[PDB]
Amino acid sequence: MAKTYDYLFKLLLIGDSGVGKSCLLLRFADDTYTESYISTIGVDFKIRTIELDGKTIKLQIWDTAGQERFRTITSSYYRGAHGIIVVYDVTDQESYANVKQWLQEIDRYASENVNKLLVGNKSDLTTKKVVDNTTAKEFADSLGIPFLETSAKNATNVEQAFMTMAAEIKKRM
């Protein structure tokens, strides 16, 4: 029936094409998953409401295309976000390097105090993992930004990631 909520938080997922931004959103909001790779056309969003401590928060999770052809479309939506998750692929070193450029995209187009969270997705494929958890953790600490390894495939930590993202938006404002 009617869904009554305490706060609305806008979130953004950004990161290289292929790292699993859409599968994470599918896992979190619809509790599904697909091995097919369908590139995101521009942007999309989905709703999930969550119970965090006292309150019901409604999460508008925006999903952005990672392909450069859509960056001009996707940077419109940086500004009005309260929270931006930067996602990389555990089995791709260059996707973890490119985290830095996505952070500069945040500083360029987001609001000054936007919240930030780093996510190394695809933790499932232990074999071809290349980016070490501590290098990434170390990088994330001393930006004052939290960090988490997720697998949208088997569902590890993906709610934790979004919950942590919500927590830190609630501390603020």
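Residue indices: 1-based, along the sequence shown.
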Would 65 to 73 or 144 to 152 have the larger average of its C-alpha temperature factors, as given in the entry?
144 to 152
40 to 48 versus 135 to 143 - which carries the larger mean C-alpha B factor in the record
135 to 143
Kindly indicate the residue among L125, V114, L59, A29 with the greatest C-alpha B-factor in the PDB record.
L125
Chain-relative C-alpha B factor for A161 (record values, thirds): the middle
